[PDB]
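Take a look at this single chain in structure tokens; it is the form deposited in one PDB entry.
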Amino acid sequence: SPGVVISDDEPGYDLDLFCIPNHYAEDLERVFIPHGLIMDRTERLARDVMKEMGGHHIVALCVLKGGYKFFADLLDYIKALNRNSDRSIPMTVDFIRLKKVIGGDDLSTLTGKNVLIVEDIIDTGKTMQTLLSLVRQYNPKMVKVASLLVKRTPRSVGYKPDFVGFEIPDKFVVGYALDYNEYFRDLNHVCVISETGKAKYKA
């Protein structure tokens, strides 16, 4: 699937309809993807991953920092399947940050393994493209990419992940570990920043 498609004209939700940290009350325009909706979509994603990679060991690779929540929740849903079914995905985990791969184990530890890369968002797709080329050089058995969000943009290089949560309009989103200058990671909903939020936390 292209994932859950959010139209260009979608108005999102009034902030007053949800519980939102008071320190961000004036910094956000609307709620765009409620936390619980992300969870519902992530549950179905876990099952799709189980379908595609079930019955083989997986190395789950989290692209920090923005991927951390999606990673934890996706792995939690996969673990729920592992313990309530007879078929399993034994998993190990690693974490990288992109500058240039920062931290993480030797990429040679990926050689001959089934790798699931977990990302928060694909915009141009250039970054994931570059990451994939690099990882491929270490001869993994298989590599798939799960991304919570994919942006509809004319700047799109044309990269499509294997698993996508939501396909969104070309708007700058924050929340659910996605940040603006390190802020808004502590917000469980995906939201659009307000003009005052951009000005307040501007680098």
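Here the rigid core means the biggest group of C-alpha atoms that line up within 1.5 Å when the two forms are laid on top of each other. Throughout, we count residues from 1 along the sequence that is shown.
Below, we turn to the form deposited in another entry, even though it does not appear here.
A.B. asks: Look at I89 and decide if its Cα position differs by 2 Å or more between this form and the one not shown after superposing on the rigid core.
C.D. replies: Yes: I89 shifts by at least 2 Å between this form and the one not shown.
A.B. asks: Once the core is aligned, does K126 move its Cα by at least 2 Å between this form and the one not shown?
C.D. replies: Yes, the C-alpha moves 2 Å or more.
A.B. asks: Once the core is aligned, please say if the CA of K65 is shifted by at least 2 angstroms between this form and the one not shown.
C.D. replies: Superposed on the core, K65 moves its C-alpha 2 Å or more between this form and the one not shown.
A.B. asks: Once you account for a change of 3 Å or more, let me know if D123 and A60 sit closer or farther in that other deposited form, using their C-alpha atoms.
C.D. replies: It is closer: in that other deposited form, the C-alpha atoms of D123 and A60 lie at least 3 Å nearer than they do here.
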